[PDB]
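In structure tokens, one chain follows: the form deposited in one PDB entry.
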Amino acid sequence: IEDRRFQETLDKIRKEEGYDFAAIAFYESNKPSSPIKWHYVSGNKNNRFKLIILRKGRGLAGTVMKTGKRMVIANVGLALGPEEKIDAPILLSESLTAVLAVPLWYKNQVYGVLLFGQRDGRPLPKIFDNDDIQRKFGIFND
């Protein structure tokens, strides 16, 4: 899709799927040492996410960017240690208690990571299978 649609589609999907929060991360630049940052957000409580710097292979977005595998964390407090909590600062800046992170694809590469989150102990609305993934979030792929 055109770059000029990412925000609108992100917001609509967040609301359809019933999440408190959504975001999308990409590499900050084409420089070799580029970090990964959270480029778009929706349902965010503040702007501190703009300070977050993720090194390659680290946090939620780094791991999904690397592995090609979605991550489902039903409960942050139970599923993650404090070392993992630290690699994923969006958890802290947005007070997220559950999350779903999905890779977005371009010619078999992961070019971005799409994150959905809940606050206040609200559960994930549903755990999607591979086909629902593709159907609901395939708009972001080619």
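Numbering starts at 1 and follows the sequence shown. Between two forms, the rigid core is the largest collection of C-alphas that superpose within 1.5 Å. Only residues modelled in both forms are compared.
Another form exists, deposited in another entry; not displayed. Remarks below refer to it.
Asks: Superposing on the rigid core, do we see a C-alpha displacement of 2 Å or more at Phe128 between this form and the one not shown?
Replies: Superposed on the core, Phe128 moves its C-alpha 2 Å or more between this form and the one not shown.
Asks: Assuming the CA distance changes by 3 angstroms or more, are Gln109 and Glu84 closer together or farther apart in that other deposited form compared with the shown structure?
Replies: Distance between the C-alphas of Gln109 and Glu84: longer in that other deposited form, by 3 Å or more.
Asks: Just say closer or farther for the C-alpha distance from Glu83 to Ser34 in that other deposited form, relative to the shown form; it changes by 3 Å or more.
Replies: Those two alpha carbons end up farther apart in that other deposited form.
Asks: After superposing on the rigid core, which segments of 3 or more consecutive residues have every C-alpha shifted by 2 Å or more between this form and the one not shown?
Replies: Segments displaced between this form and the one not shown after core fit: 2-4, 81-84, 126-136.
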